[PDB]
Amino acid sequence: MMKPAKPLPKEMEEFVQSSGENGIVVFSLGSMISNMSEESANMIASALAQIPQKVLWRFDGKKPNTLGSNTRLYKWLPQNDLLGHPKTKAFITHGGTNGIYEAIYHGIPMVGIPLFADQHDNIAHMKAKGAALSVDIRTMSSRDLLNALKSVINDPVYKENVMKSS
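Using the deposited numbering, the letters of the sequence shown map in sequence onto residues -1 to 0, 284 to 447.
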(Lines of atoms letter the chains of each structure in order from A and count residues from 1; the text may use other names and numbers.)
(Lines give C-alpha, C1' and ligand atoms only; values in the text may rest on other atoms or scores of the structure.)
Protein backbone atom coordinates (compact mmCIF):
# COMPACT_ATOMS: atom_id res chain seq x y z
CA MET A 1 0.00 0.00 0.00
CA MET A 2 1.17 3.49 -0.92
CA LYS A 3 2.04 5.72 2.06
CA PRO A 4 2.32 9.22 0.56
CA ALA A 5 3.50 12.20 2.59
CA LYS A 6 1.78 15.57 2.90
CA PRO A 7 3.39 18.98 3.61
CA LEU A 8 4.92 19.59 7.02
CA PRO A 9 3.68 22.23 9.46
CA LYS A 10 5.21 25.56 8.49
CA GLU A 11 7.50 26.02 11.50
CA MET A 12 8.69 22.43 11.16
CA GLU A 13 9.32 22.87 7.42
CA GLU A 14 11.40 25.96 8.17
CA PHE A 15 13.59 24.02 10.62
CA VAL A 16 13.97 21.23 8.05
CA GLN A 17 15.01 23.71 5.36
CA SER A 18 17.70 25.12 7.67
CA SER A 19 19.57 21.80 7.41
CA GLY A 20 20.68 22.94 3.96
CA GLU A 21 22.77 20.35 2.15
CA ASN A 22 23.22 18.26 5.32
CA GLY A 23 19.63 17.04 5.49
CA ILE A 24 17.83 15.77 8.57
CA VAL A 25 17.52 12.75 10.84
CA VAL A 26 14.14 11.67 12.20
CA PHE A 27 14.15 9.89 15.57
CA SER A 28 10.48 9.05 15.62
CA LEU A 29 8.25 7.88 18.42
CA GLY A 30 11.11 6.54 20.53
CA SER A 31 8.27 5.70 22.92
CA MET A 32 10.41 3.98 25.61
CA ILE A 33 13.00 6.75 26.08
CA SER A 34 10.90 8.55 28.69
CA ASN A 35 10.67 5.37 30.80
CA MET A 36 14.44 4.86 30.90
CA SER A 37 17.15 6.50 32.95
CA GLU A 38 18.23 10.10 32.41
CA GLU A 39 21.64 8.72 31.41
CA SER A 40 20.07 6.97 28.39
CA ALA A 41 18.58 10.18 27.01
CA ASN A 42 21.85 11.99 27.72
CA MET A 43 23.86 9.39 25.78
CA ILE A 44 21.56 9.69 22.76
CA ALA A 45 21.56 13.49 22.87
CA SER A 46 25.38 13.54 22.98
CA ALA A 47 25.58 11.37 19.86
CA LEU A 48 22.94 13.36 17.97
CA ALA A 49 24.70 16.64 18.78
CA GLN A 50 27.83 15.58 16.87
CA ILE A 51 26.41 15.16 13.36
CA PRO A 52 25.95 18.15 11.01
CA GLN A 53 22.35 17.15 10.24
CA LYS A 54 19.38 18.73 11.95
CA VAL A 55 17.52 16.28 14.17
CA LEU A 56 13.79 16.11 14.91
CA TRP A 57 13.36 13.96 18.02
CA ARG A 58 9.88 12.80 19.06
CA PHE A 59 10.35 13.18 22.81
CA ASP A 60 8.36 13.95 25.95
CA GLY A 61 10.76 13.54 28.90
CA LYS A 62 13.01 16.05 30.61
CA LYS A 63 15.26 17.99 28.25
CA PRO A 64 18.66 16.24 28.21
CA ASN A 65 21.46 18.41 29.52
CA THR A 66 23.61 17.29 26.55
CA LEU A 67 21.09 18.43 23.92
CA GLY A 68 22.84 19.92 20.88
CA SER A 69 21.71 23.06 19.05
CA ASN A 70 21.10 20.93 15.92
CA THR A 71 18.39 18.90 17.67
CA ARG A 72 14.79 19.82 18.41
CA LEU A 73 12.42 17.96 20.73
CA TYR A 74 8.77 17.43 19.77
CA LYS A 75 6.05 15.81 21.83
CA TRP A 76 4.31 15.01 18.53
CA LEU A 77 5.75 14.47 15.06
CA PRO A 78 4.20 13.82 11.61
CA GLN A 79 6.51 10.85 11.19
CA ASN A 80 5.31 9.72 7.76
CA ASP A 81 5.41 13.25 6.35
CA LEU A 82 9.00 13.55 7.62
CA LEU A 83 10.13 10.20 6.20
CA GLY A 84 8.85 11.35 2.80
CA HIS A 85 10.60 14.71 2.86
CA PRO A 86 13.46 14.89 0.32
CA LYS A 87 15.94 16.14 2.94
CA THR A 88 15.55 13.11 5.27
CA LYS A 89 18.77 11.06 5.49
CA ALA A 90 18.23 8.50 8.28
CA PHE A 91 15.51 7.15 10.56
CA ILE A 92 16.14 6.24 14.21
CA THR A 93 13.42 3.97 15.58
CA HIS A 94 12.98 1.26 18.19
CA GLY A 95 11.96 -0.98 15.29
CA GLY A 96 8.15 -1.15 15.31
CA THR A 97 6.51 -2.63 12.22
CA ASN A 98 4.60 0.57 11.42
CA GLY A 99 7.62 2.87 11.20
CA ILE A 100 9.71 0.30 9.34
CA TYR A 101 6.98 0.05 6.70
CA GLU A 102 7.12 3.82 6.15
CA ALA A 103 10.93 3.96 6.04
CA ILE A 104 10.88 1.16 3.45
CA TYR A 105 8.21 3.00 1.46
CA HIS A 106 10.14 6.27 1.32
CA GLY A 107 13.55 4.54 1.07
CA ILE A 108 15.14 5.88 4.28
CA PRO A 109 17.93 3.86 5.94
CA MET A 110 17.62 3.15 9.65
CA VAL A 111 19.45 2.96 12.94
CA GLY A 112 17.49 0.57 15.12
CA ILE A 113 17.38 0.83 18.90
CA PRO A 114 15.38 -2.35 19.64
CA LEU A 115 14.17 -3.24 23.12
CA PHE A 116 11.57 -5.98 22.60
CA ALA A 117 11.62 -9.32 20.81
CA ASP A 118 9.66 -8.11 17.80
CA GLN A 119 11.83 -4.98 17.46
CA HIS A 120 15.05 -7.00 17.72
CA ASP A 121 13.80 -9.38 15.01
CA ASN A 122 12.68 -6.55 12.70
CA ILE A 123 15.95 -4.63 13.03
CA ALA A 124 18.05 -7.77 12.61
CA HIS A 125 16.14 -8.52 9.40
CA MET A 126 16.69 -5.04 7.97
CA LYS A 127 20.36 -5.22 9.02
CA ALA A 128 20.77 -8.52 7.16
CA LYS A 129 19.38 -6.79 4.06
CA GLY A 130 22.06 -4.11 4.43
CA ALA A 131 19.38 -1.48 5.04
CA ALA A 132 20.07 -0.71 8.71
CA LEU A 133 22.48 -0.80 11.63
CA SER A 134 21.58 -1.47 15.26
CA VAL A 135 22.61 -0.15 18.67
CA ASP A 136 21.42 -1.33 22.09
CA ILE A 137 21.36 1.87 24.18
CA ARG A 138 21.39 -0.19 27.37
CA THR A 139 24.88 -1.59 26.70
CA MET A 140 26.53 0.46 23.95
CA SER A 141 28.03 3.95 24.15
CA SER A 142 27.27 7.31 22.62
CA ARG A 143 30.26 6.76 20.34
CA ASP A 144 28.66 3.53 19.12
CA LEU A 145 25.48 5.42 18.19
CA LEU A 146 27.42 8.22 16.50
CA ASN A 147 29.36 5.73 14.37
CA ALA A 148 26.16 3.97 13.32
CA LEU A 149 24.55 7.31 12.43
CA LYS A 150 27.43 8.62 10.33
CA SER A 151 27.43 5.32 8.40
CA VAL A 152 23.71 5.19 7.51
CA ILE A 153 23.54 8.93 6.76
CA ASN A 154 26.53 9.20 4.44
CA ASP A 155 27.13 5.77 2.84
CA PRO A 156 24.63 5.41 -0.05
CA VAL A 157 24.62 1.60 0.04
CA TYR A 158 22.25 1.59 3.03
CA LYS A 159 19.76 3.81 1.22
CA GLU A 160 20.23 1.80 -1.96
CA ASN A 161 19.50 -1.46 -0.10
CA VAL A 162 16.39 -0.15 1.66
CA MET A 163 15.09 0.91 -1.77
CA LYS A 164 15.71 -2.57 -3.19
CA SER A 165 13.28 -3.64 -0.46
CA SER A 166 10.90 -1.24 -2.30
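Each residue gets a CB set at the ideal place from its N, CA and C atoms; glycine is no exception.
* To do: Using the Cα positions of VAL433 and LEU289, report the straight-line distance between them to the nearest angstrom.
  => Between the alpha carbons of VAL433 and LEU289 lies a gap of roughly 24 angstroms.
* Whole angstroms is fine: what's the gap from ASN428's alpha carbon to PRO285's? => Straight-line Cα distance between these residues: approximately 31 angstroms.
* Assumed close pair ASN323, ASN346 - CB separation to whole angstroms, cut-off 8 angstroms -> About 6 angstroms; that satisfies the 8 angstroms criterion.
* From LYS287 to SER299, what does the alpha carbon distance come to, in whole angstroms? -> Spanning the two alpha carbons is a distance of roughly 19 angstroms.
* Quick one: what's got a C-beta closer than 7 angstroms to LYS431's C-beta in the same chain, skipping five residues either side? -> If we look at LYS431 and ignore the five residues flanking it on each side, its Cβ neighbours are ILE332.
* Cβ-Cβ separation, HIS375 to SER312 (assumed contact under 8 angstroms), whole Å -> Approximately 7 angstroms separates the beta-carbon atoms of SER312 and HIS375; this is inside 8 angstroms, confirming the contact.
* **Strand pairing of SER415, partner residues [DSSP]** => Looking at the DSSP assignment, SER415 forms a beta bridge with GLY393.
* Limits of the alpha helix (DSSP H) - the one that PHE296 falls within -> Residue range 291 to 298 is occupied by the alpha helix (DSSP H) that includes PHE296.
* Asked: So what does DSSP say about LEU337, is it helix, strand or coil?
  -> Here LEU337 sits in strand by DSSP.
* Answer yes or no: do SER423 and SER327 have a C-beta to C-beta separation smaller than 7 angstroms? => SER423 places its beta carbon less than 7 angstroms from that of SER327.
* Asked: Near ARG339, which residues of its chain fall below 6 angstroms by C-beta distance, leaving aside the five closest residues on each side in sequence?
  -> Excluding residues up to 5 positions away in sequence, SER309, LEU310, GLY311, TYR355 and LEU358 lie with their Cβ nearer than 6 angstroms to the Cβ of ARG339 in the same chain.
* May I ask which residues mark the beginning and end of the alpha helix (DSSP H) holding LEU329? => Annotation for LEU329: the continuous alpha helix (DSSP H) segment containing it runs 319 to 329.
* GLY376: CB within 6 angstroms of a non-hydrogen atom of the ligand SAH -> Looking at this structure, you won't find the ligand SAH or any other ligand, since it has none at all.
* On the three-state DSSP scale, how would you describe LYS287? -> Assignment of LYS287 by DSSP, reduced to helix, strand and coil, places it in the coil class.
* In the DSSP assignment, find the beta strand (DSSP E) that holds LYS370 and state where it starts and stops. => Per DSSP, the unbroken beta strand (DSSP E) holding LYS370 starts and ends at 369 to 374.
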